[PDB]
């Protein structure tokens, strides 16, 4: 039997401002820093340790990981930063206030853009300042693999290779793994782990900064899961 711990980044500036974020590299609020430290303290007091961690290339998740590491006295473990764990790409919605958007386009249209498993937000133009092509984070990524928008389906497809190629072999090698990531990239990973239907995944929400523990059997199939706290 194995344990895997997942954690969503603490409150970001745009979470506070109610803006769609996606791949925009915004940072934690004071609250979010607090949440991350509390999560690290909660794992420390429960006796968890880790041998490796996975995160995105986005600072809100990385700083969350840093606070956890600092509270646990785990500043030295290897960390794999992967674009594959980035938040779902919000396209031309990135940066817009969610309430303003719903007023302009309607509540239903926004709920389709936010939670339709299969229908993506309107795309960035390839010339937009928000596009990923000139960002050093993505300099070794095939141009054709870089998104201009994503639905959860695309996010699931992007997350899986990192699971199959790196995280699952670590878990099988006996490494105690922590994944510090994002609301929709953790929804996507959960969807895969728990074998959740396209319909059923629509109502799953992940709070900021709360450890989510998975117990996994010999074939890495979930036995049970629970939040700590």
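Positions refer to the first chain, counted from 1.
Can you tell me which stretch has the higher mean Cα B-factor, 52-60 or 32-40?
The entry gives the higher C-alpha B-factor average to 32-40.
Stretch with the higher entry mean CA B-factor, where the candidates are 173-181 and 194-202:
194-202 has the higher mean C-alpha B-factor.
Among 91, 78, 136, 95, where is the Cα B factor highest in this entry?
The C-alpha B-factor peaks, among 91, 78, 136, 95, at 136.
Looking at 213, 24, 210, 216, which has the highest CA B-factor as recorded?
Answer, based on the entry's C-alpha B-factors: 216.
Once the chain's modelled residues are ordered by C-alpha B factor and cut into thirds, is residue 68 in the lowest, middle or highest one?
As the PDB entry reports it, the C-alpha B-factor of residue 68 lands in the lowest third of its chain.
Using the temperature factors of the C-alpha atoms in this entry, rank residue 85 within its chain: lowest, middle or highest third.
Lowest third of the chain for residue 85's C-alpha B-factor.
Lowest, middle or highest third: which one holds residue 103 when the chain's residues are ordered by CA B-factor from the entry?
According to the entry, residue 103 has a C-alpha B-factor in the chain's highest third.
Would you mind checking where the Cα B-factor of residue 74 ranks among the modelled residues of its chain, as the lowest, middle or highest third?
Its C-alpha B-factor, which the entry lists for residue 74, ranks in the lowest third among residues of this chain.
Chain third (lowest, middle, highest) by recorded CA B-factor, residue given as residue 168:
Tercile = middle for this residue's CA B-factor.
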